[PDB]
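Here's a solo chain for you in structure tokens, the form solved without the RNA.
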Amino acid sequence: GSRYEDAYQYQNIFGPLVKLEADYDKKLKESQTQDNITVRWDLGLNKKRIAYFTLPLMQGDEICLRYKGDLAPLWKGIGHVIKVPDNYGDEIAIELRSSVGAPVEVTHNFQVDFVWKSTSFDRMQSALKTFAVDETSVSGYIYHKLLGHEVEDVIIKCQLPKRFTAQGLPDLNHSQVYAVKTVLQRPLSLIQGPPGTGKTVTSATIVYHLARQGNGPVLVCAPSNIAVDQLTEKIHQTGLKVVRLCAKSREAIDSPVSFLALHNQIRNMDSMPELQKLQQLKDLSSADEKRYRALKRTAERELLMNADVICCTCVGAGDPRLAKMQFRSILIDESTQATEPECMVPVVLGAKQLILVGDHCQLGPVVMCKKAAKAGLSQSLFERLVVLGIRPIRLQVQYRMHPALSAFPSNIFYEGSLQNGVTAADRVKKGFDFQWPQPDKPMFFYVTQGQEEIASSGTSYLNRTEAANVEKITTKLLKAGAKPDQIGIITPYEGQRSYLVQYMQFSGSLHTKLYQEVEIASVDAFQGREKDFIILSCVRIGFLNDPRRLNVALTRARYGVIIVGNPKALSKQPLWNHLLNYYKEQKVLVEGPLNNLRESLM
């Protein structure tokens, strides 16, 4: 199978895969350069200059603004993004690191360059090298297991808790008790967590018990900053001392766990007086600067080494500030959303016990370079271990959706093993006068008989008439009660996206402020997320090709899903024909005007 004979071969194969995607990312980013750009200058209340502009991306990313004009400036300046193009406008916004000599005077002939950073790629490469050359990087049993070698099982002989539920978190259910129990006694384990089944509550519980033992700080990571914040919050609810490690650039940002950030916890220490004043002084002196970094370093080191838990994105585990720290226990949440070299960044920090939590029946790792993806980069560590025979313990109680919405996804994607920790009356809105075709089934496939073109732009599709019908659905949910920001429109094409945002503006029944808050995106953007109501626009790639994309799209909703597509055309994909026939049995493949809904017979 996907079995390696040693770590040198393992590096020999994954290392090149990382190089492929690192340069692909580089070239791509360099090709995003645009010229003849109009700017709009401003001044934030911090005195840091902000610059606005539109282009023919993610918060924190660095852009490089160059003025190339006839006048006597000719200036370069780097800043970081603070607003990306969304429902408000196609505009972008950056804040300059040093606004001393910014040409606020001019505003016409600028060039924008997206600054490529090697950091993540360098750390993945370095991680692989460590896995080959440093034998202290993983226990040996872990080494044999990751390489697909057949070694006898091992049981960790820890002190088991009498009660598995942790202080401050919800009461564990049977599948979760089984998972936390089993996992504390195994040097390596996978937990599969279907939508809403308590991946993060469970993870948080496991770290509680691993931190309640006589060993060092638990390392806890995840691929996205969002995923790490959510786990950081839950760990904090259990009374443990947690430290959130932020990337230097992202340090400037406000989350629900901003007080937990290391750089903030340092800006508040009674034990370090001389440090406080120096930070309260650059509001810089050469001799004061050497004392400031020596102290900041001393402080980081204390908070880090005496924390019960260090929370970190996978790539962020390579942080220098975590220099020469080993971590006995490591847990990676949302792990099936990382590439294997990404996960190995934390793993090689001395792992004796590893727990991967994720779901290989939902979306996999994002991989730009197609050639690297097909060669193996798109398979997560979690998935490869499953292929090698490591069976995941499954969390089978879902606390997200109306039992009706869970039926189809559970049956086709989860061997019908799921159970509902919420009932129908737990997920029915109050005073909500939006009448469904079938009262106790908050769902229906609206039969839209609409045409699809290829809007003059490039290679992207859009269903013009389907977009109109989705607007009507959205208008009905809003004037029936539902808040705008609890309505998600999911579609597989960027053409439908752009056409939808602009169609709910040029000619919508209500003002563009209600629709501005309605989030429109592909399934990719919606992973690990939920809304009360989900409208699906299948304009005829995306959630109609990959079985896993359909699973994710059908499990975002809490209170109701409404699919809008052409039944005749979608029947071509096998998965959709089954979906359509099932909606028909439950009597929710409806047709006609929204206000007098009936029942199709196609």
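One-based numbering along the sequence shown. Whichever C-alpha set is largest while still superposing within 1.5 Å between the two forms counts as the rigid core.
A second form of this protein, the form solved in complex with the RNA, is not displayed here; the remarks below concern that form.
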Closest heavy atom of residue 459 to the RNA in the bound PDB entry, within 4.5 Å or not?
yes
Is residue 524 a contact residue for the RNA in the bound PDB entry, using a 4.5 Å heavy atom cut-off? yes
With a cut-off of 4.5 Å between heavy atoms, is residue 414 one of the residues that contacts the RNA in the bound PDB entry? no
| Taking 4.5 angstroms as the cut-off for heavy atoms, does residue 225 touch the RNA in the bound PDB entry? | yes
- Item | Non-hydrogen atom within 4.5 angstroms of the RNA in the bound PDB entry for each of 313, 493 and 543 | yes
Answer key, the RNA contact in the bound PDB entry at 4.5 Å (heavy atoms) among 57, 43, 55, 28: the residue is 28
Checking 379, 410, 120, 175 against the RNA in the bound PDB entry, the residue with a non-hydrogen atom inside 4.5 angstroms turns out to be 120
Given 303-311, 365-373, 208-216, 150-158, the stretch touching the RNA in the bound PDB entry at heavy atoms within 4.5 Å is 365-373
Contacts from 250-280 to the RNA in the bound PDB entry (any heavy atom within 4.5 Å), listed N to C, are 250
After a rigid core superposition between this form and the one not shown, the exception among 169, 428, 303, 387, its Cα shifting by 2 Å or more, is 428
Report task. With both forms fitted on the core, give yes or no for whether the Cα of residue 259 moves by 2 angstroms or more between this form and the one not shown. Result -> no
Align both forms on the core first, then report whether residue 469 has a C-alpha shift of 2 Å or more between this form and the one not shown. yes
Practice task
Examine residue 591 after superposing the rigid core and state whether its CA is displaced by 2 Å or more between this form and the one not shown.
Solution key: yes
Working note: in the bound PDB entry the C-alpha atoms of residue 528 and residue 233, off by 3 Å or more, come closer
Shown form as baseline, in the bound PDB entry, CA residue 429-residue 233 shift of 3 Å or more puts them closer
